[PDB]
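Please read the structure below before turning to the comments.
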């Protein structure tokens with residue numbers, strides 16, 4: 023007997039991948055898969071001012087008998103300048119987690 027599977031979450035940052043022009047932002051995508059046969063929940067704990075359009079979302083994918091869900095985060099660099107606390111809180115049918123970044127300008 024061994025139902026369910028071992029959940030796994032990761033944190034990937036994509037800030038040093040920008041280029042000339044366009045406004046600076048942050049691309050923090052977490053890597054959560056294996057857990058749940060379909061997927062869990064996608065959430066990010068923000069601490070600073072989630073008033074703008076800075077939100078993080080994850081997609082659902084199939085990994086055989088497991089469930090691979092890719093999480094991403096998008097926030098304006100400006101906000102990052104004002105310092106904040108971003109964390110990709112991934113939930114599960116019976117589990118949870120959180121991994122991201124944080125700064126205090």
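In our numbering, the protein residues as written are 23 to 127. In this text, a Cβ means the ideal position worked out from N, Cα and C, and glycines have one as well.
Close CB contacts of residue 28 within its chain, under the 8 Å cut and outside five residues either way in sequence, are with 56 and 57 (chain order).
CA-CA distance, residue 24 to residue 59, rounds to 13 Å.
For the segment 84–126, the full-length alpha helix (DSSP H) segments reaching 4 residues or more read 99–103 along the chain. With respect to residue 80, residue 93 sits close: the two C-beta atoms are nearer than 7 Å. Between the C-alpha atoms of residue 51 and residue 45 there is a straight-line separation of about 19 Å. Residue 49 holds the alpha-carbon nearest to the alpha-carbon of residue 110 among 100, 49, 126 and 74.
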